[PDB]
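Notes follow the structure.
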Amino acid sequence: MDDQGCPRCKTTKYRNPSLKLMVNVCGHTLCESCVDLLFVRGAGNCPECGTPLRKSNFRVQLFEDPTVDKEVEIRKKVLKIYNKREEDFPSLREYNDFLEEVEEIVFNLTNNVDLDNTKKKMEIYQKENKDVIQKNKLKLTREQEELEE
Amino acid sequence: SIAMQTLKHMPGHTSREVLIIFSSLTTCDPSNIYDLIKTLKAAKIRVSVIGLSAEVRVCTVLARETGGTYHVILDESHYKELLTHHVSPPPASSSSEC
Amino acid sequence: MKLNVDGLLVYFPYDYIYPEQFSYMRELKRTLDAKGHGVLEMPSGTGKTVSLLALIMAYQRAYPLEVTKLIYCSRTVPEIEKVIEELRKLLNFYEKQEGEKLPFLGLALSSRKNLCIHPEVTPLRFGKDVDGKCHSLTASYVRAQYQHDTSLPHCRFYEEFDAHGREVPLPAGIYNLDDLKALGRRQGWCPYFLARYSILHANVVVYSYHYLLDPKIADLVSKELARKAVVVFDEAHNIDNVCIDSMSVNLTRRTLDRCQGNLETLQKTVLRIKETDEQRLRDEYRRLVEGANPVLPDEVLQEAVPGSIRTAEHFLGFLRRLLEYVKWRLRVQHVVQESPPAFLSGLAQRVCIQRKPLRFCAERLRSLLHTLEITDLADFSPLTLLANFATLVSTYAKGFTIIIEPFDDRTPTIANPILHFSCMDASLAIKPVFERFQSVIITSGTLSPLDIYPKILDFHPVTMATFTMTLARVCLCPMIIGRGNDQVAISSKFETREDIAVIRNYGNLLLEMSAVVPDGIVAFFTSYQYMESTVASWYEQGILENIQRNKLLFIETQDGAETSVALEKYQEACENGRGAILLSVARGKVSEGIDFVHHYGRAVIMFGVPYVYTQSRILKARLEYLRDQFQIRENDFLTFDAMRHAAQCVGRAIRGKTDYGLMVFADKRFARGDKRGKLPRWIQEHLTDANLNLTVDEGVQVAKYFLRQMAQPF
Ligand code: SF4
Ligand SMILES: [Zn+2]
Ligand SMILES: [Zn+2]
């Protein structure tokens, strides 16, 4: 809400801050009053960049930094992989080595081509999906429920 | 300063003395009195204040630095005693000359 | 003057000691013999220091193995200078008695800003500026480049010290801060680092609390070398507040913006470093894989591995994520929110920042920032503050709390919100001192009743004794005035604050008291706003002008420059016969820093019980947490916070040399039994029921008579 305004239209944000940023594959500031502007024509196209969007690629966010928007969303997707708990590995280095590779994957996806990352992730899928992904995915709800209370 | 002006030309042999019967603790002066203390010490003018209902600090330093004595009135009977004590000639110190 | 103490024979420089000194020495020896931490109170500002120091020295001679060294801490450097003066006098006395020098060393540590010999850092006075400049000059990079001897300003003093002082330590002696500067200049060494090294072999070391409490800098010099040492804190009744300040970290919007800009500079510098020198600086990654100072204490601090942040880019992205989360969490406009564990959980959930990688954030910041060869740490200091907060929150929140204030006090609408991380209990941060050191003596003056202190600070005291000053003359004649000339309650209650009659009673009392009291008087209010309101009301009425006629009037302001100028003029007014009436605030830094002696602050006036505003939410966490844990009533702690503060601000007039003076408290609340009971023993025992609730006029008359009695000689 502290932003001066949209790259297009800043009258709305200057005055009342109810508008919230909308995340997109463009990692690219947008505002609801301008989301209507995008829906009417193009229907999922960035005004200046023109990046195509499947169905509006819109989700509410409140982080003024577009790089943070993309980084956080990519990290959200990555967390679904390599979610195995630390204690699964007795080796001291292996505790955070795999997290190092996870962070490298996130940074790689943010800017560099994601083809290699996708191929690698397919390799990790074929092995992890059998046991680790299912187990940690199920245990996430249990741990979250216990933690909340 | 008035007392100093009159006593400056007095003969050296005689003992110049001042007894300030101080009543109001305040002292509003055009110039700082610590400087005047230096001139008093040079002029060997003994100043022995008698304060009233107050232990004034500037007069404490005045009395002790200049060689005089400082006192505060415990009551009227003690006031008589203080002034009668100051009646007698004071002993001549090293600075005093005959 | 050799005193045949029960434990042993103890030398003493001055001719005579009052009975309270005998009681003090015997109780202190009892604590030392038990080798257990304890607390005791002594009235006199001066004299207790010499008794304590002499007893510690004699005990060291008797049982050198029992005590390795003495660590005597004082509130402020100007104050600790007087302590080193006392110690020097004692050492000269003992040396004359023995006839020869003995292997005894005593020194005082202080900031590089306060003492240093480098002309470049001399003109600058900011502590952060001095720290950054000295770090640049002494940087491992600057040292290695000095080995190359390239054309570049290199600070020769540290290099020469490394060459010489490392080989030879100073034999013995006592060095004040000012004298140690001269020694450093003469020997071409650091007055700072030389003392730092002498800490390894020094019998007595003196420095303020922030050199011994904050884990960032305290630990490095308070390492385990002093496993069994006599650590003593002097006049440390406000120890809980300072111990809390050592942990509390304040995050503001302006600071956060500066952090973002500094992070941008960090990224640009990383890019330049990559293009210029990459392999040599990349070796840091290897040492990191193997595995500004950390705020984590000895046991809490961890060094297993840095975590998922193993490279400069990864760490910078981590800081970007955490900074964004803090930025938004602060931008939220809402009522004050408290969330010690929930903040960490929400951070991890919202932005995917695990607490374990967050734990090593500040440590990895220090290492990575060192790699960058930055010009100085002063520019990036806000980022380091945020990093310390980041590591602390992930470190622990059991006895902590994050408070968010979108709106600041005293402003209906302000665009500078502040996030506080105020602690709630000081035992957490002071635990290492008590545990590491065999015994700690919290010697204090004007101490509110000792029973609370063990509750606030988790320790088992050995002795609990209150020492009452005893003199052939009644130096102090305190009184409390609750009834005015109108026989009206004069309590300075929040609802009664606006009362014009009460304000008038205060004004009239001050007028008469200034009329009779000799030169030099200090009046302490409860707050700046309350002081201003009372001053304005007196100004509207003719009371203030009459006070101006009777005696000069000076007032305190938040700004330190004006405070200093006003106090400087006040001292001259006290020297002269004009006199002065110094209005100040009890919480004012001037009240704690300043010390009143003979013909200074002769009559201490306390206008209203000192109570903090009941709206500051920080105190709510601090207070309700104490109610929940350690079982202290909110009213009990609040009244203790008032009585301790008032005793601090009223106990100055009895500094030393038996200088008369009267302490008048213009509030009927002090007449209440609870306030009197929590008052220090030495003042209370002098206080009597006859003068407990004197009217304004009656108090003025008794003050005049008491001043008459004290005027005459012994
Ligand atoms: S190395 Fe020593 S002389 Fe040089 S700036 Fe630092 S403290 Fe001062
Ligand atoms: Zn727009
Ligand atoms: Zn775009």
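By convention here, the chains of the structure tokens are called A, B, ... in the order presented, each chain's residues are numbered starting at 1, and ligands are numbered starting at 1 in the order presented.
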Report task. Identify, on the basis of only C-alpha atoms, every residue whose closest approach to stretch 45-59 of chain B does not exceed 9 Å; exclude the query and any residue fewer than 3 positions from it along the same chain; express the result as a PyMOL selection string. Result -> (chain B and resi 4+7-8+15-26+33-34+40-42+62-64+66-74+82-83+86) or (chain C and resi 516-519+574-577+599+704-705+707-708+710-712)
Once you have the residues from the selection above, write them out as a short mmCIF file (atom, residue, chain, number, x, y, z; two decimals), in the first residue's frame, restricted to N, CA and C atoms.
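Output saved as result30.cif:
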```cif
data_model
loop_
_atom_site.label_atom_id
_atom_site.label_comp_id
_atom_site.auth_asym_id
_atom_site.auth_seq_id
_atom_site.Cartn_x
_atom_site.Cartn_y
_atom_site.Cartn_z
N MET B 4 35.48 47.81 49.99
CA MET B 4 36.83 47.71 49.43
C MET B 4 37.34 49.07 48.98
N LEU B 7 38.23 50.94 52.15
CA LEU B 7 39.30 50.31 52.92
C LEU B 7 40.60 50.16 52.14
N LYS B 8 40.59 50.39 50.83
CA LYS B 8 41.79 50.22 50.02
C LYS B 8 42.87 51.20 50.43
N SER B 15 44.05 46.54 60.85
CA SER B 15 43.37 45.35 60.34
C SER B 15 42.03 45.76 59.75
N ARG B 16 41.89 45.61 58.43
CA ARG B 16 40.61 45.89 57.79
C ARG B 16 39.69 44.67 57.91
N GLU B 17 38.48 44.91 58.39
CA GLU B 17 37.56 43.80 58.65
C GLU B 17 36.16 44.19 58.21
N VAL B 18 35.39 43.17 57.84
CA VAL B 18 34.02 43.32 57.37
C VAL B 18 33.20 42.20 57.99
N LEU B 19 32.03 42.56 58.50
CA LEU B 19 31.10 41.62 59.12
C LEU B 19 29.77 41.79 58.39
N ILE B 20 29.49 40.88 57.47
CA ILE B 20 28.28 40.93 56.66
C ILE B 20 27.18 40.18 57.39
N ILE B 21 26.16 40.91 57.84
CA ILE B 21 25.02 40.30 58.53
C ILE B 21 24.04 39.90 57.42
N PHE B 22 24.20 38.69 56.91
CA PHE B 22 23.45 38.27 55.74
C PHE B 22 22.09 37.71 56.15
N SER B 23 21.03 38.23 55.53
CA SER B 23 19.66 37.85 55.87
C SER B 23 18.98 37.11 54.73
N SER B 24 18.91 37.70 53.54
CA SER B 24 18.32 37.05 52.38
C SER B 24 19.40 36.24 51.67
N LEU B 25 19.18 34.93 51.55
CA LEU B 25 20.22 34.05 51.02
C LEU B 25 20.62 34.43 49.60
N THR B 26 19.72 35.07 48.85
CA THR B 26 20.03 35.42 47.48
C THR B 26 21.06 36.55 47.43
N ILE B 33 31.13 37.29 41.95
CA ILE B 33 31.76 37.63 43.22
C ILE B 33 33.04 36.82 43.45
N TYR B 34 33.20 35.69 42.76
CA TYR B 34 34.42 34.90 42.91
C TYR B 34 35.63 35.71 42.47
N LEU B 40 39.90 40.69 47.26
CA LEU B 40 39.85 40.74 48.72
C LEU B 40 41.05 40.03 49.33
N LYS B 41 41.40 38.85 48.82
CA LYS B 41 42.57 38.15 49.35
C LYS B 41 43.83 38.97 49.13
N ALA B 42 43.97 39.59 47.96
CA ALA B 42 45.13 40.44 47.71
C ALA B 42 45.17 41.62 48.68
N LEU B 62 33.56 32.48 50.83
CA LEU B 62 34.06 33.81 51.14
C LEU B 62 34.78 33.83 52.48
N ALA B 63 34.10 33.35 53.52
CA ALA B 63 34.67 33.40 54.86
C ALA B 63 35.95 32.58 54.93
N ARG B 64 35.91 31.32 54.48
CA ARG B 64 37.08 30.49 54.71
C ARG B 64 38.25 30.91 53.84
N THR B 66 38.86 33.97 52.54
CA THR B 66 39.37 35.27 52.95
C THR B 66 39.92 35.27 54.37
N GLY B 67 39.71 34.19 55.13
CA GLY B 67 40.23 34.07 56.46
C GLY B 67 39.21 34.31 57.56
N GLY B 68 38.04 34.84 57.21
CA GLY B 68 37.00 35.07 58.18
C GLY B 68 36.30 33.79 58.57
N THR B 69 35.32 33.94 59.46
CA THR B 69 34.55 32.83 59.98
C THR B 69 33.09 32.97 59.57
N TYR B 70 32.44 31.83 59.33
CA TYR B 70 31.05 31.78 58.92
C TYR B 70 30.21 31.17 60.04
N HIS B 71 29.03 31.75 60.27
CA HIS B 71 28.14 31.27 61.31
C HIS B 71 26.70 31.50 60.86
N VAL B 72 25.79 30.75 61.48
CA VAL B 72 24.36 30.88 61.25
C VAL B 72 23.66 30.99 62.59
N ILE B 73 22.63 31.83 62.65
CA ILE B 73 21.99 32.14 63.92
C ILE B 73 21.13 30.96 64.35
N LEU B 74 21.47 30.37 65.50
CA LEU B 74 20.61 29.35 66.07
C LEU B 74 19.38 29.98 66.72
N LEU B 82 27.26 35.62 69.20
CA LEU B 82 28.08 35.73 68.00
C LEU B 82 28.65 37.14 67.86
N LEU B 83 27.80 38.16 67.98
CA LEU B 83 28.30 39.52 67.82
C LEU B 83 29.27 39.90 68.95
N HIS B 86 32.56 38.50 68.02
CA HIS B 86 33.25 39.31 67.01
C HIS B 86 33.75 40.64 67.56
N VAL C 516 13.23 29.70 51.71
CA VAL C 516 14.02 29.36 52.90
C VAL C 516 15.26 28.55 52.56
N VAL C 517 15.18 27.64 51.60
CA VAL C 517 16.28 26.73 51.28
C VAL C 517 17.46 27.52 50.73
N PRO C 518 18.71 27.19 51.07
CA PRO C 518 19.85 27.89 50.47
C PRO C 518 20.05 27.56 49.00
N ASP C 519 21.10 28.12 48.40
CA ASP C 519 21.32 28.00 46.97
C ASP C 519 21.42 26.54 46.55
N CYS C 574 24.54 27.59 41.44
CA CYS C 574 24.75 27.06 42.79
C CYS C 574 26.00 27.64 43.42
N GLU C 575 27.09 27.74 42.66
CA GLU C 575 28.31 28.34 43.20
C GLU C 575 28.05 29.78 43.65
N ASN C 576 27.36 30.56 42.82
CA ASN C 576 27.03 31.92 43.19
C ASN C 576 25.83 31.95 44.14
N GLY C 577 25.53 33.14 44.65
CA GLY C 577 24.44 33.32 45.59
C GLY C 577 23.07 33.42 44.96
N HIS C 599 26.36 21.55 48.66
CA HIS C 599 26.00 22.78 47.95
C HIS C 599 25.61 22.50 46.50
N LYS C 704 13.46 24.87 57.80
CA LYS C 704 14.28 25.99 58.24
C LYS C 704 15.04 25.64 59.51
N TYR C 705 14.36 25.03 60.48
CA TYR C 705 15.02 24.70 61.73
C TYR C 705 16.13 23.67 61.52
N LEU C 707 17.87 23.10 58.78
CA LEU C 707 18.99 23.76 58.13
C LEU C 707 19.79 24.60 59.13
N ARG C 708 19.10 25.25 60.07
CA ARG C 708 19.82 25.94 61.14
C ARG C 708 20.72 24.97 61.90
N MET C 710 22.02 22.11 60.95
CA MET C 710 23.14 21.64 60.14
C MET C 710 24.14 22.74 59.80
N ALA C 711 23.74 24.01 59.87
CA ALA C 711 24.67 25.08 59.52
C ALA C 711 25.88 25.09 60.45
N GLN C 712 25.66 24.93 61.75
CA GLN C 712 26.74 25.02 62.72
C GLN C 712 27.71 23.85 62.56
#
```
Around ligand 3, which protein and nucleic acid residues have at least one atom no more than 8 Å from it, if we count only C-alpha atoms and all ligand atoms? List them as an mmCIF file with N, CA and C atoms, in the first residue's frame.
```
data_model
loop_
_atom_site.group_PDB
_atom_site.id
_atom_site.type_symbol
_atom_site.label_atom_id
_atom_site.label_comp_id
_atom_site.auth_asym_id
_atom_site.auth_seq_id
_atom_site.Cartn_x
_atom_site.Cartn_y
_atom_site.Cartn_z
ATOM 1 N N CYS A 26 4.532 -13.115 -14.923
ATOM 2 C CA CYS A 26 5.406 -11.988 -15.219
ATOM 3 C C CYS A 26 6.095 -11.442 -13.973
ATOM 4 N N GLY A 27 5.678 -11.863 -12.776
ATOM 5 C CA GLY A 27 6.205 -11.297 -11.546
ATOM 6 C C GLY A 27 6.164 -9.790 -11.629
ATOM 7 N N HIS A 28 4.956 -9.234 -11.645
ATOM 8 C CA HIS A 28 4.744 -7.965 -12.329
ATOM 9 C C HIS A 28 3.555 -7.262 -11.697
ATOM 10 N N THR A 29 3.792 -6.066 -11.160
ATOM 11 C CA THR A 29 2.794 -5.397 -10.338
ATOM 12 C C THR A 29 1.496 -5.193 -11.108
ATOM 13 N N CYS A 46 -0.168 -9.197 -20.056
ATOM 14 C CA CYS A 46 0.408 -8.049 -19.370
ATOM 15 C C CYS A 46 0.347 -6.831 -20.290
ATOM 16 N N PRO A 47 -0.058 -5.657 -19.788
ATOM 17 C CA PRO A 47 -0.230 -4.500 -20.680
ATOM 18 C C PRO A 47 1.031 -4.149 -21.455
ATOM 19 N N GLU A 48 2.138 -3.930 -20.746
ATOM 20 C CA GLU A 48 3.379 -3.544 -21.409
ATOM 21 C C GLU A 48 4.131 -4.762 -21.933
ATOM 22 N N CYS A 49 4.384 -5.743 -21.064
ATOM 23 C CA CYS A 49 5.170 -6.904 -21.468
ATOM 24 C C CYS A 49 4.415 -7.771 -22.469
ATOM 25 N N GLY A 50 3.106 -7.920 -22.287
ATOM 26 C CA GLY A 50 2.340 -8.798 -23.149
ATOM 27 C C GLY A 50 2.537 -10.269 -22.875
ATOM 28 N N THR A 51 2.999 -10.626 -21.683
ATOM 29 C CA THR A 51 3.225 -12.031 -21.364
ATOM 30 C C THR A 51 1.891 -12.770 -21.324
#
```
**Report entry** Surroundings of ligand 2 up to 8 Å, based on only C-alpha atoms and all ligand atoms, as a PyMOL selection string
**Finding:** chain A and resi 5-10+30-35+37
Hey, what does DSSP flag as strand (DSSP E or B) within stretch 469-664 of chain C? Can you give it to me as a PDB file with N, CA and C atoms, in the first residue's frame?
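Dumped to part_10.pdb:
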```
ATOM      1  N   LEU C 476      20.769  13.742  57.063  1.00  0.00           N
ATOM      2  CA  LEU C 476      19.566  13.762  56.245  1.00  0.00           C
ATOM      3  C   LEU C 476      18.330  13.841  57.132  1.00  0.00           C
ATOM      4  N   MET C 479      11.347  14.375  54.654  1.00  0.00           N
ATOM      5  CA  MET C 479       9.972  14.623  55.059  1.00  0.00           C
ATOM      6  C   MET C 479       9.046  14.406  53.871  1.00  0.00           C
ATOM      7  N   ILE C 480       7.774  14.176  54.182  1.00  0.00           N
ATOM      8  CA  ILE C 480       6.729  13.992  53.182  1.00  0.00           C
ATOM      9  C   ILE C 480       5.607  14.972  53.491  1.00  0.00           C
ATOM     10  N   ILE C 481       5.177  15.716  52.476  1.00  0.00           N
ATOM     11  CA  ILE C 481       4.112  16.704  52.605  1.00  0.00           C
ATOM     12  C   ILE C 481       2.945  16.242  51.744  1.00  0.00           C
ATOM     13  N   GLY C 482       1.807  15.978  52.382  1.00  0.00           N
ATOM     14  CA  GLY C 482       0.627  15.516  51.681  1.00  0.00           C
ATOM     15  C   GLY C 482      -0.530  16.487  51.774  1.00  0.00           C
ATOM     16  N   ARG C 483      -0.555  17.285  52.838  1.00  0.00           N
ATOM     17  CA  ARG C 483      -1.607  18.263  53.073  1.00  0.00           C
ATOM     18  C   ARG C 483      -1.070  19.658  52.788  1.00  0.00           C
ATOM     19  N   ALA C 489      -6.007  16.949  49.899  1.00  0.00           N
ATOM     20  CA  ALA C 489      -5.157  15.875  49.404  1.00  0.00           C
ATOM     21  C   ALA C 489      -4.377  16.349  48.184  1.00  0.00           C
ATOM     22  N   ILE C 521      18.725  23.755  44.367  1.00  0.00           N
ATOM     23  CA  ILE C 521      17.569  22.916  44.657  1.00  0.00           C
ATOM     24  C   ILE C 521      17.112  22.266  43.358  1.00  0.00           C
ATOM     25  N   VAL C 522      16.676  21.012  43.455  1.00  0.00           N
ATOM     26  CA  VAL C 522      16.258  20.229  42.299  1.00  0.00           C
ATOM     27  C   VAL C 522      14.882  19.644  42.576  1.00  0.00           C
ATOM     28  N   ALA C 523      13.968  19.810  41.620  1.00  0.00           N
ATOM     29  CA  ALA C 523      12.607  19.300  41.710  1.00  0.00           C
ATOM     30  C   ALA C 523      12.369  18.312  40.577  1.00  0.00           C
ATOM     31  N   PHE C 524      11.909  17.114  40.930  1.00  0.00           N
ATOM     32  CA  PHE C 524      11.695  16.034  39.977  1.00  0.00           C
ATOM     33  C   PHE C 524      10.203  15.775  39.823  1.00  0.00           C
ATOM     34  N   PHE C 525       9.723  15.833  38.585  1.00  0.00           N
ATOM     35  CA  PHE C 525       8.339  15.572  38.236  1.00  0.00           C
ATOM     36  C   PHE C 525       8.196  14.122  37.779  1.00  0.00           C
ATOM     37  N   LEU C 552      16.744  31.787  40.764  1.00  0.00           N
ATOM     38  CA  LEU C 552      16.752  31.459  39.347  1.00  0.00           C
ATOM     39  C   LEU C 552      16.092  30.104  39.117  1.00  0.00           C
ATOM     40  N   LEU C 553      15.465  29.956  37.953  1.00  0.00           N
ATOM     41  CA  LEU C 553      14.734  28.744  37.610  1.00  0.00           C
ATOM     42  C   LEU C 553      15.262  28.197  36.294  1.00  0.00           C
ATOM     43  N   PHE C 554      15.564  26.900  36.275  1.00  0.00           N
ATOM     44  CA  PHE C 554      16.035  26.205  35.091  1.00  0.00           C
ATOM     45  C   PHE C 554      15.156  24.981  34.884  1.00  0.00           C
ATOM     46  N   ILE C 555      14.958  24.604  33.621  1.00  0.00           N
ATOM     47  CA  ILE C 555      14.063  23.510  33.274  1.00  0.00           C
ATOM     48  C   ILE C 555      14.799  22.540  32.361  1.00  0.00           C
ATOM     49  N   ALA C 580      19.558  28.202  42.277  1.00  0.00           N
ATOM     50  CA  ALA C 580      18.865  27.697  41.104  1.00  0.00           C
ATOM     51  C   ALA C 580      17.869  26.626  41.520  1.00  0.00           C
ATOM     52  N   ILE C 581      16.809  26.512  40.723  1.00  0.00           N
ATOM     53  CA  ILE C 581      15.750  25.529  40.909  1.00  0.00           C
ATOM     54  C   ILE C 581      15.674  24.744  39.609  1.00  0.00           C
ATOM     55  N   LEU C 582      16.200  23.522  39.612  1.00  0.00           N
ATOM     56  CA  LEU C 582      16.295  22.709  38.404  1.00  0.00           C
ATOM     57  C   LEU C 582      15.102  21.762  38.347  1.00  0.00           C
ATOM     58  N   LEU C 583      14.167  22.043  37.444  1.00  0.00           N
ATOM     59  CA  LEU C 583      13.061  21.135  37.182  1.00  0.00           C
ATOM     60  C   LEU C 583      13.500  20.054  36.205  1.00  0.00           C
ATOM     61  N   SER C 584      13.207  18.802  36.550  1.00  0.00           N
ATOM     62  CA  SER C 584      13.617  17.669  35.732  1.00  0.00           C
ATOM     63  C   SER C 584      12.574  16.570  35.854  1.00  0.00           C
ATOM     64  N   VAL C 585      12.779  15.499  35.093  1.00  0.00           N
ATOM     65  CA  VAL C 585      11.903  14.334  35.103  1.00  0.00           C
ATOM     66  C   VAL C 585      12.647  13.177  35.752  1.00  0.00           C
ATOM     67  N   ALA C 603      18.274  20.586  48.647  1.00  0.00           N
ATOM     68  CA  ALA C 603      16.962  20.097  49.056  1.00  0.00           C
ATOM     69  C   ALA C 603      16.301  19.433  47.856  1.00  0.00           C
ATOM     70  N   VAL C 604      16.165  18.114  47.908  1.00  0.00           N
ATOM     71  CA  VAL C 604      15.605  17.371  46.781  1.00  0.00           C
ATOM     72  C   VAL C 604      14.089  17.317  46.926  1.00  0.00           C
ATOM     73  N   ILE C 605      13.376  17.881  45.953  1.00  0.00           N
ATOM     74  CA  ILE C 605      11.920  17.955  45.969  1.00  0.00           C
ATOM     75  C   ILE C 605      11.387  16.942  44.969  1.00  0.00           C
ATOM     76  N   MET C 606      10.459  16.102  45.416  1.00  0.00           N
ATOM     77  CA  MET C 606       9.819  15.114  44.555  1.00  0.00           C
ATOM     78  C   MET C 606       8.346  15.464  44.409  1.00  0.00           C
ATOM     79  N   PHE C 607       7.952  15.901  43.212  1.00  0.00           N
ATOM     80  CA  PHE C 607       6.584  16.329  42.935  1.00  0.00           C
ATOM     81  C   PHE C 607       5.834  15.142  42.341  1.00  0.00           C
ATOM     82  N   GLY C 661      21.480  17.998  54.035  1.00  0.00           N
ATOM     83  CA  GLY C 661      20.506  18.089  52.966  1.00  0.00           C
ATOM     84  C   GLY C 661      19.198  17.423  53.336  1.00  0.00           C
ATOM     85  N   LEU C 662      18.085  17.946  52.828  1.00  0.00           N
ATOM     86  CA  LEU C 662      16.760  17.433  53.149  1.00  0.00           C
ATOM     87  C   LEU C 662      16.038  17.000  51.880  1.00  0.00           C
ATOM     88  N   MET C 663      15.344  15.872  51.972  1.00  0.00           N
ATOM     89  CA  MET C 663      14.595  15.291  50.866  1.00  0.00           C
ATOM     90  C   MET C 663      13.111  15.408  51.189  1.00  0.00           C
ATOM     91  N   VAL C 664      12.414  16.280  50.467  1.00  0.00           N
ATOM     92  CA  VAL C 664      10.995  16.531  50.684  1.00  0.00           C
ATOM     93  C   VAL C 664      10.220  15.913  49.529  1.00  0.00           C
TER      94      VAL C 664
END
```
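Among C:17, C:322, C:488, C:230, the residue with the shortest atom-to-atom distance to chain A, counting only C-alpha atoms, is C:322.
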Query raised in the report: Could you list, as a VMD selection string, all the residues within 9 Å of ligand 1, counting only C-alpha atoms and all ligand atoms?
Result: chain C and resid 111 to 113 115 to 122 130 to 131 133 to 138 154 to 159 161 184 to 185 188 to 193
Query raised in the report: How many Å separate atom CA of residue C:634 from atom CA of residue C:617?
Result: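 Atom CA of residue C:634 sits 13.9 Å away from atom CA of residue C:617.
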Can you write out as CSV which residues of stretch 341-415 of chain C fall within 10 Å of stretch 76-91 of chain A, alongside each residue's closest atom pair and its distance in Å to one decimal, counting only C-alpha atoms and ordering rows by chain and ascending residue number?
```
residue,atom,partner,partner_atom,distance
C:349,CA,A:76,CA,9.8
C:350,CA,A:76,CA,9.5
C:351,CA,A:76,CA,8.5
C:352,CA,A:76,CA,7.5
```
Query - Filtered DSSP result for chain A, state helix (DSSP H, G or I), as a VMD selection string - result: chain A and resid 11 to 15 32 to 40 66 to 79 86 to 88 92 to 110 115 to 128 132 to 148
Query - stretch 247-255 of chain C surroundings by only C-alpha atoms, 6 Å radius, close-in-sequence under 4 positions cut, as a PyMOL selection string - result: chain C and resi 416+418-423
Query raised in the report: Suppose you want the space between atom CA of residue C:236 and atom CA of residue C:80; what is it in Å?
Result: 12.7 Å
Can you pull out the residues contacting residue C:509? Cut-off 10 Å, using only C-alpha atoms, and skip same-chain residues under 5 positions away; I want them as a PDB file with C-alpha atoms, in the first residue's frame.
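Result went into part.pdb, see below:
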```pdb
ATOM      1  CA  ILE C 481       4.112  16.704  52.605  1.00  0.00           C
ATOM      2  CA  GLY C 484      -1.441  21.789  51.681  1.00  0.00           C
ATOM      3  CA  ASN C 485      -2.366  25.084  53.281  1.00  0.00           C
ATOM      4  CA  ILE C 503      -1.017  22.354  41.130  1.00  0.00           C
ATOM      5  CA  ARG C 504      -1.342  25.542  43.197  1.00  0.00           C
ATOM      6  CA  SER C 514      12.903  28.182  47.627  1.00  0.00           C
ATOM      7  CA  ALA C 515      12.542  31.199  49.911  1.00  0.00           C
ATOM      8  CA  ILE C 605      11.920  17.955  45.969  1.00  0.00           C
ATOM      9  CA  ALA C 666       5.321  16.552  47.994  1.00  0.00           C
ATOM     10  CA  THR C 695       1.443  20.503  56.079  1.00  0.00           C
ATOM     11  CA  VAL C 696       3.188  22.760  53.571  1.00  0.00           C
ATOM     12  CA  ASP C 697       3.787  25.488  56.159  1.00  0.00           C
ATOM     13  CA  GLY C 699       7.273  21.348  56.545  1.00  0.00           C
ATOM     14  CA  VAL C 700       8.756  24.707  55.583  1.00  0.00           C
TER      15      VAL C 700
END
```
Requested in this report: Calculate how many Å separate atom CA of residue C:400 from atom CA of residue C:316, rounding to one decimal.
Outcome: 27.0 Å
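For the set C:301, C:241, C:678, C:144, the residue with the smallest atom-to-atom gap to residue C:219 is C:301, counting only C-alpha atoms.
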Query - Of the listed residues C:559, C:637, C:550, C:677, that which approaches chain B most closely, counting only C-alpha atoms - result: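 Smallest distance to chain B is found for C:550.
When only C-alpha atoms are used to compute distances to chain C, the closest of the residues B:9, B:75, B:65, B:39 turns out to be B:75.
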Requested in this report: Do a neighbour search on residue A:59 at 8 Å with only C-alpha atoms, toss out local chain neighbours closer than 3 positions, and write the hits as a ChimeraX atom specification.
Outcome: /A:22-24
Suppose we keep N, CA, C and O atoms; can you now write the selection as a PDB file, in the first residue's frame?
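What ended up in part.pdb:
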```pdb
ATOM      1  N   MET A  22      -1.560  -8.305  -7.430  1.00  0.00           N
ATOM      2  CA  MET A  22      -1.943  -9.573  -8.036  1.00  0.00           C
ATOM      3  C   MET A  22      -0.708 -10.206  -8.658  1.00  0.00           C
ATOM      4  O   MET A  22      -0.060  -9.599  -9.518  1.00  0.00           O
ATOM      5  N   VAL A  23      -0.385 -11.420  -8.220  1.00  0.00           N
ATOM      6  CA  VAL A  23       0.805 -12.111  -8.700  1.00  0.00           C
ATOM      7  C   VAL A  23       0.528 -12.702 -10.075  1.00  0.00           C
ATOM      8  O   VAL A  23      -0.607 -13.065 -10.407  1.00  0.00           O
ATOM      9  N   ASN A  24       1.579 -12.800 -10.884  1.00  0.00           N
ATOM     10  CA  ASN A  24       1.474 -13.348 -12.227  1.00  0.00           C
ATOM     11  C   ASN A  24       2.807 -13.975 -12.603  1.00  0.00           C
ATOM     12  O   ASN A  24       3.831 -13.749 -11.952  1.00  0.00           O
TER      13      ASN A  24
END
```
